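**Q** Below you'll find the structure I mean.
In the authors' numbering, the protein residues as written are 1 to 174.
The structure is reproduced here in C-alpha cells:
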C-alpha cells in the first residue's frame, strides 16, 4: 500500500484524471460508497482504467481496476529518487527494480542506489503520449518512517500492477 499524499493517474468516461489518491478516493466514495473489509475499507469501481506493463515482453497496454482500498499502518518506508521525488510505501510492497531483468522487490529489501523502472513522467502528462518506451531511475536514499495514517491500494485482478503519473511501475500489495 501507498501514502494518501501520493499523486495518481486514471481514466473513466473516455477522459483522463490526475490528482492525489485521497481526492479520487473522496470522489468515488461520494459517487459509489465505501464498503467494509476485514483489514480496512473498499470502494467499488465501474469502467475505470490505468496504464499497465506486460513484464513478460515489456509491452505497454491499458487495463481495468476492480476497486479502491484503504487500511491503517504505523510503519512505512520512504525511498528518495535522484529526480527529487519520494515513494512512501509499506515494507511488504513490491517495486519494479532493474538487475539484468525486470524484478519485483519489497521496499524492506530495497537499498539506496538501486534502479527503479518507469517512463518519462513529462511524456505521460502530454496531450499525445509517445508510447512504447521506458526509463530507469536512481534511488537517492531509503529510510523507515512513522506514518501512523491510512494507506491505499488500487486493485487490478487482470495483472496486479499499474503505473503512477510520476512514471514509476507499482505492484498491488498490502
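Note that CB positions come from ideal geometry on N, CA and C, so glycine has one too.
Three-state secondary structure (DSSP) at residue 71?
**A** Sequence index remark: in the chain shown, residue 71 carries index 71 (1-based). DSSP places residue 71 in strand when its eight states are reduced to three.
**Q** Is the number of C-beta pairs between the region 69–85 and the region 33–52 that are closer than 8 Å three or more?
**A** Yes, the region 69–85 touches the region 33–52.
**Q** Name the residue from 25, 67 and 80 whose alpha carbon lies nearest to the alpha carbon of residue 141.
**A** Counting from one through the chain shown, the residue named residue 141 turns up at place 141. Per the Cα distances, 80.
**Q** Going by CA-CA distance only, name the one from 83, 75 and 31 that's closest to residue 167.
**A** Along the chain shown, read from residue 1 onward, the residue named residue 167 stands at position 167. Of the listed residues, the one whose Cα sits closest to residue 167 is 83.
**Q** Residue 175 to residue 173, Cα distance in whole Å?
**A** Coverage of the chain is limited to positions 1 through 174, which leaves residue 175 absent and any answer about it impossible.
**Q** Name the one or two DSSP bridge partners that residue 3 has.
**A** Locating residue 3 in the chain shown gives position 3, counting from the first residue. Partner(s): 151.
**Q** Below 6 Å CB to CB, which residues in the same chain sit around residue 18 once its five sequence neighbours on both sides are set aside?
**A** Taking the first residue of the chain shown as 1, we reach residue 18 at position 18. Answer for residue 18: 9 and 165, listed in chain order.
**Q** Considering only the alpha carbon of each residue, which of 77, 115, 112 and 106 lies closest to residue 175?
**A** Missing from the structure shown is residue 175; the chain here goes from 1 to 174 and no further.
**Q** Could you check whether residue 115 and residue 95 sit closer than 8 Å to each other, using their CB atoms as the reference points?
**A** Here residue 95 corresponds to residue number 95 of the chain shown, with the count starting at 1. Here residue 115 corresponds to residue number 115 of the chain shown, with the count starting at 1. Their beta carbons are not under 8 Å apart, which means residue 95 does not touch residue 115 by this criterion.
**Q** Residues in the same chain with beta-carbon distance under 7 Å from residue 135, minus the five sequence neighbours each way, listed in chain order, please.
**A** Counting from 1 along the chain shown, the entry for residue 135 is found at position 135. 118, 119, 120 and 167.
**Q** Alpha carbon to alpha carbon, how far is residue 91 from residue 31?
**A** The count along the chain shown starts at 1 and reaches residue 91 at position 91. The count along the chain shown starts at 1 and reaches residue 31 at position 31. Cα to Cα, the separation comes out at about 32 Å.
**Q** Short check: CB of residue 14 to CB of residue 162, under 8 Å?
**A** Residue 14 sits at position 14 when you count from the first residue of the chain shown. Residue 162 sits at position 162 when you count from the first residue of the chain shown. Against a cut-off of 8 Å, the Cβ pair of residue 162 and residue 14 comes out as no contact.
**Q** Look at the alpha carbon of residue 65 and the alpha carbon of residue 169, and state the distance between them as a whole number of angstroms.
**A** Here residue 65 refers to the residue found at position 65 when the chain shown is read from its first residue. Here residue 169 refers to the residue found at position 169 when the chain shown is read from its first residue. Near 15 Å, if we compare the C-alpha coordinates of residue 169 and residue 65.
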